[PDB]
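Colleague:
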Amino acid sequence: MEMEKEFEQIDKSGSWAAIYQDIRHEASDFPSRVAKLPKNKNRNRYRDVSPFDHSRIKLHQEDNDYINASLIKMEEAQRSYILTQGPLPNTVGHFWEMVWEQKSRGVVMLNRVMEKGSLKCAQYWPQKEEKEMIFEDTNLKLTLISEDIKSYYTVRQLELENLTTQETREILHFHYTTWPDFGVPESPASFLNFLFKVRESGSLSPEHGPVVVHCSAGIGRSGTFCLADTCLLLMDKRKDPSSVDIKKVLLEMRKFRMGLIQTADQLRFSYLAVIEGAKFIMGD
Ligand SMILES: O=C(O)c1ccc(OCc2ccccc2)cc1
Numbered sequence: 001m002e003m004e005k006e007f008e009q010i011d012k013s014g015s016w017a018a019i020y021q022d023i024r025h026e027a028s029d030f031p032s033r034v035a036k037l038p039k040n041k042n043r044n045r046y047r048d049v050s051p052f053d054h055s056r057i058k059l060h061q062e063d064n065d066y067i068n069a070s071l072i073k074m075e076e077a078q079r080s081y082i083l084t085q086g087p088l089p090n091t092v093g094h095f096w097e098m099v100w101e102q103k104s105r106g107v108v109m110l111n112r113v114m115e116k117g118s119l120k121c122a123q124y125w126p127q128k129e130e131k132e133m134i135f136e137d138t139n140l141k142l143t144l145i146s147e148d149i150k151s152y153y154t155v156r157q158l159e160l161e162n163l164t165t166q167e168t169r170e171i172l173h174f175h176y177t178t179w180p181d182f183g184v185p186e187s188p189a190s191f192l193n194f195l196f197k198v199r200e201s202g203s204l205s206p207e208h209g210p211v212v213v214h215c216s217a218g219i220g221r222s223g224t225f226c227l228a229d230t231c232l233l234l235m236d237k238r239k240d241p242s243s244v245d246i247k248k249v250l251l252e253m254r255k256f257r258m259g260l261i262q263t264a265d266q267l268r269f270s271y272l273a274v275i276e277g278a279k280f281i282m283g284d
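If you count by the entry's author numbering, then the sequence shown holds residues 1 to 284, one letter each, in order.
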């Protein structure tokens, strides 16, 4: 079926939970043996969210190459994404090592450091120009260059230096700051505006390594971001945009990381975002 009318048909029939459970039943199951080794326990935030072995990002280190991060490679859309958990106190150096080694231009953050009165990820970037951060375990230096605070999101320019070689690179930090502590946003308009700002920066384009996107577990909000982006790109590429099937795209993405889209409300919100976004790309 088309998307917008499938949407109203699920609303009128109130069957979002049943649709979402079908997706959960049909989703791929692949091994995640490296994630579960005892030496990696303090590298995982949640015991039930792990990267598959076949798609995990490897650190370029011989001691321990493990990080909780996955490469989502979308062949028809010609887009790749790295989805990862919010960094932990003992993985902030690994996180920036990955950004460096994978040649990423941008980092997309979809959570606040504290939500619901608890810490959802480490404070992993510097908050003042004159107070830079050094990660001694991976030999990297990180400096805040500039910061632009808007009503729904903040963009930061950061300088990452590899202290072994003295090479430097400019990284863009795109921080969506207004996702509610509970539920999903009422309108997708600010989330879509944010996606378009990431696109306009070059961070999603083939001349760079894959964008790094995270929330707390790296599957829920993060899944919503890449699902909406890929669906909108396919609607632009194909002769028949009504052939784009958001449930089939989501199942393709779940071949590369488990659990993408965590609730039926996140699934409904993803439909809403793609539907409204497709009108702006052209005009209604
Ligand atoms: O009739 C439909 O079922 C439909 C028609 C057009 C359409 O395209 C939306 C779009 C998105 C992004 C760029 C250009 C067009 C999607 C679905």
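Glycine included, C-beta positions come from ideal geometry on N, C-alpha and C.
Can you confirm whether the stretch 181-188 touches the stretch 88-100 when touching is taken to mean that 3 or more C-beta pairs between the two stretches lie within less than 8 Å?
Modeller: In the pairwise beta carbon analysis, the stretch 88-100 is classified as not touching the stretch 181-188: fewer than three pairs are separated by under 8 Å.
Colleague: Starting from the C-beta of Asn139, find all residues in its chain whose C-beta is less than 8 Å away, skip the five residues before and the five after it, and write them out in chain order.
Modeller: The residue given as residue 139 occupies position 139 in the sequence shown. Cβ neighbours of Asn139 beyond the five flanking positions: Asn162, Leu163 and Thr164.
Colleague: Between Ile67 and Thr168, what straight-line distance do the alpha-carbon atoms span, to the nearest angstrom?
Modeller: Numbered from 1 along the sequence shown, position 67 holds the residue referred to as residue 67. Numbered from 1 along the sequence shown, position 168 holds the residue referred to as residue 168. Answer to the nearest angstrom: the Cα atoms are 23 Å apart.
Colleague: Taking the alpha carbon of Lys197 as the point to measure from, which residue in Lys239, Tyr152 and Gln166 has its own alpha carbon closest?
Modeller: Taking the first residue of the sequence shown as position 1, residue 197 is located at position 197. Here the closest residue by C-alpha is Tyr152.
Colleague: Measure the alpha-carbon distance for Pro241 versus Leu234 and round it to whole angstroms.
Modeller: As a first step, residue 241 is located in the sequence shown; it is residue number 241 there, counting from the start. As a first step, residue 234 is located in the sequence shown; it is residue number 234 there, counting from the start. Their Cα atoms are separated by approximately 7 Å.
Colleague: In angstroms with no decimal places, state the Cα-to-Cα distance between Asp11 and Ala278.
Modeller: By 1-based counting over the sequence shown, the position of residue 11 is 11. By 1-based counting over the sequence shown, the position of residue 278 is 278. Answer to the nearest angstrom: the Cα atoms are 20 Å apart.
Colleague: In this structure, does DSSP put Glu6 in helix, strand or coil?
Modeller: Sequence index remark: in the sequence shown, residue 6 carries index 6 (1-based). DSSP places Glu6 in helix when its eight states are reduced to three.
Colleague: Which same chain residues, not among the five before or five after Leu119, have their C-beta less than 7 Å away from its C-beta?
Modeller: Sequence index remark: in the sequence shown, residue 119 carries index 119 (1-based). Excluding residues within five positions, the ones whose Cβ falls inside 7 Å are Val113.
Colleague: Would you mind reading off the limits of the alpha helix (DSSP H) that contains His60?
Modeller: In the sequence shown, residue 60 corresponds to position 60, counting from 1. Unbroken run through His60: none, as it is neither H nor E.
Colleague: Give the DSSP-derived three-state secondary structure of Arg156 in the structure shown.
Modeller: By one-based count along the sequence shown, residue 156 stands at place 156. Three-state result, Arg156: strand.
Colleague: Note down, in chain order, each residue of its chain lying with its Cβ closer than 7 Å to the Cβ of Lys116, except the 5 sequence neighbours on either side.
Modeller: The sequence position of residue 116 within the sequence shown is 116, counting from 1. Take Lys116, set aside five residues on each side of it, and the residues of its chain with a beta-carbon closer than 7 Å to its own are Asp181, in chain order.
Colleague: Skipping 5 residues on each side, what residues in its chain have a beta carbon closer than 6 Å to that of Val244?
Modeller: In the sequence shown, the residue the question calls residue 244 occupies position 244. Excluding residues within five positions, the ones whose Cβ falls inside 6 Å are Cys231, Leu234 and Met235.
Colleague: Starting from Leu250, trace the alpha helix (DSSP H) both ways and give me its first and last residue.
Modeller: Sequence index remark: in the sequence shown, residue 250 carries index 250 (1-based). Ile246 to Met253 is the span of the alpha helix (DSSP H), which, as asked, contains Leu250.
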